[PDB]
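Below, in structure tokens: the form deposited without the named molecule, a single chain.
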């Protein structure tokens, strides 16, 4: 009933270690950060920290200011270095820089954030290669707690969560509904699904009206309100009422960094097998 993530991250990180030591890989991950955004920084350092434990060399390159032309050149150079298995740009970026523009210059087999068109399309086609970390984290919760072949309603249609997630849930036989700010009756869809995945960035959005007693809630929202991080679900309204709910922090959060590192291992292992 409390869907925690850290124990799932620990298991994933153990077998990643195992997979590295086993097949001799020495995966390398480059992280590019522009600006000094504080969420990005914690996320970067978490990937360095778990990387150092798993056996993954993770390096951050911070730039106070960098031009498009320079940044594209840097990425192109990392792209060509066979010593670099994964490349990732941290978010958010400053205005004028389109993430999706930059990211398609990273070979799909190095694209560990897995948001480029090629990885997204491989998911659509049901031939997952690299898959993005939050959607992955959603399914990890479901795999590890025992939810299969259910109706799922996703509240979110962005390319980072909602869309790749619906394609990953279809690959695994779930029945899927996506709704969003243009759905006129969200409550109706969320109450009729076994699972609700919520990501609207809106504290208290998912309350008792939006779910039934059978429901399982996976809260992918991250809101910073009066000095604390909080999800999109009303945890205290819901915990006495739903079947299961991921807390925030402590739900899908702890898994994300490890899922990026999981893509780095897959990237490095495809490069070894295929060049």
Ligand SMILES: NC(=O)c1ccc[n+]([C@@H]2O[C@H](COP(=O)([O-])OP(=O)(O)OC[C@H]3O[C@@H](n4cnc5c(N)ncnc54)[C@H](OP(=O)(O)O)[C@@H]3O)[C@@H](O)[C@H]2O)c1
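Numbering follows the first chain given and starts at 1.
Higher average CA B factor: 48-56, of the stretches 48-56 and 205-213. Note on 13-21 vs 251-259: mean CA B-factor is higher in 13-21. Considering 71, 133, 186, 115 together, the PDB entry gives 71 the largest C-alpha B factor. Set against one another, the Cα B-factors of 106, 197, 141, 176 in the record reach their highest point at 106. The entry lists a Cα temperature factor for residue 232 that places it in the middle third of the chain's modelled residues.
Placement of the Cα temperature factor of residue 88 within the chain: middle third of the modelled residues, per the deposited record. Among the modelled residues of its chain, residue 101 has a C-alpha B-factor that falls in the highest third according to the deposited record. Among the modelled residues of its chain, residue 80 has a C-alpha B-factor that falls in the highest third according to the deposited record.
Split the chain's modelled residues into thirds by C-alpha temperature factor. Residue 95 is in the highest one.
A second form of this protein, the form solved in complex with the named molecule, is not displayed here; the remarks below concern that form.
Judged by the 2.4 Å clash test against backbone and C-beta atoms, the pocket of this chain is open once the named molecule is superposed from its pose in the deposited bound form, as not a single ligand atom violates the cut-off. Screening 87-95, 73-81, 177-185, 145-153 for residues having heavy atoms within 4.5 Å of the named molecule in the deposited bound form returns a single hit, 177-185.
Among residues of the shown chain, residue 51 is not one whose heavy atoms approach the named molecule to within 4.5 Å in the deposited bound form. At the 4.5 Å threshold, heavy atoms of residue 172 stay clear of the named molecule in the deposited bound form, well away from it.
At the 4.5 Å threshold, heavy atoms of residue 259 stay clear of the named molecule in the deposited bound form, well away from it.
Contact between residue 127 and the named molecule in the deposited bound form is not found at the 4.5 Å heavy atom cutoff. Scanning 167, 195, 199, 131 against the named molecule in the deposited bound form with a 4.5 Å heavy atom cut-off leaves one residue, 199. With the partner omitted from this view, the residue of 66, 244, 46, 222 that lies near the named molecule in the deposited bound form is 222 [heavy atom within 4.5 Å].
Taking the partner from elsewhere, no residue among 106, 267 and 272 has a non-hydrogen atom within 4.5 angstroms of the named molecule in the deposited bound form.
Scanning 140-162 for heavy atoms within 4.5 Å of the named molecule in the deposited bound form gives 155, 156, 157, 158, 160, 161 in sequence order.
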